[PDB]
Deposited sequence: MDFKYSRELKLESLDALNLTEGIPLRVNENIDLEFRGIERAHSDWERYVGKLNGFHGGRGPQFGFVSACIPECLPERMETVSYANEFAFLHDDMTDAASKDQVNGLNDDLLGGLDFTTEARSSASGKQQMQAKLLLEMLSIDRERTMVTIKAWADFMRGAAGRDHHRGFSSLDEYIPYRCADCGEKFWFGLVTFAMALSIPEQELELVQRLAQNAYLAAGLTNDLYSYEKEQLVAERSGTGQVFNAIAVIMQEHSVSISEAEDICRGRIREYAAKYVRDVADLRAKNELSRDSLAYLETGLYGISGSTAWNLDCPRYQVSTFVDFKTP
């Protein structure tokens, strides 16, 4: 990728953790815009939907989820992209909690305001993105909602990418390995806090592995880490081969390369994000 908006960050712990196949960590320079989008999402959520208590979404102590996972996000789209990602965190927690009339009406007002902002930035890519977003708005083999669809919609909007229709099936199929690696790492780092929250009241790969093999948490963590490494290594190999052949469109290769930084960025963010820190646990989280 020809980097214009991000910088590489040295984080030696990633080498020792060995979950990211040596992919470098990159962070968008416009962290301040990401954090502004997060704060506006919180302000709107409290205005339209409900009170926040002990809620943490994409913000981290140094960088946020979007700045690390979409490092080449277009600067003038960062605030809107971060808002939408934070909205998704809020909406997903409320949907988990649930699974009232004025809060659901408030949530559609908040969606409409976001849709208007996106349409004002990029009409055609907004339509691709919201069609991708439509749904959202025993063993490890059956364990796996289409969260890839949210991220596909967000990245293509964030970087003004248009995937040719004739490449979409292939690109989405190859991206699945990056989503599996990042998603398994996510479950690996969220399990402890999730178990704490459930025991005070778990669809997580750690839990699924423990049941499937009748093993302890740390034994399941090792199994999960081995799977993460397989998925990430396969993805890195595929992207490397596609970039060397240079046959796919620039936009499809940009999306797949961004999948690399989604792996390194989400893993680095998981380490100390308050969302998964046990220290930030509260009783009666809202949403």
Q: List in ascending order the stretches of the deposited sequence, numbered from 1, that lack C-alpha coordinates.
A: 100-119, 158-172, 180-181, 239-242
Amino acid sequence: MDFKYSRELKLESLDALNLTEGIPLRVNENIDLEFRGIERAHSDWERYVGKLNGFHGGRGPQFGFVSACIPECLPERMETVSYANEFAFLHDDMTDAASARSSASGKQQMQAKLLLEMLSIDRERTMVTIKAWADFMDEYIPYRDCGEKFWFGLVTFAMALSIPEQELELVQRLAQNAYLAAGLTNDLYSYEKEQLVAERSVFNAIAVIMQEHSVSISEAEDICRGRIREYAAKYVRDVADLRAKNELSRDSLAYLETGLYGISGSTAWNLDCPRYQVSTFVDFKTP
From here on, numbers count along this sequence of modelled residues.
Q. Looking only at CA atoms, which has the higher mean B factor in the entry: 22-30 or 47-55?
A. 47-55
Q) Quick one: higher average CA temperature factor, 147-155 or 104-112? A) 104-112
Q: Between 165, 86, 96, 72, let me know which has the highest C-alpha B-factor in the entry?
A: 96
**Q.** Peak C-alpha temperature factor (PDB record), options 82, 216, 129, 172
**A.** 216
Q: Would you check the entry's CA temperature factor for residue 205 and let me know if it's in the chain's lowest, middle or highest third?
A: highest
Q: Quick one: classify residue 11 as lowest, middle or highest third of the chain based on its Cα B-factor.
A: highest
Q | Where the record places residue 76 (Cα B-factor, split into thirds across the chain) | A | lowest
Q.
Looking at the temperature factor on the CA atom of residue 244, which third of the chain's modelled residues does it land in?
A. highest
Q. Taking the C-alpha B-factors as the PDB entry records them, is residue 137 in the lowest, middle or highest third of its chain?
A. highest
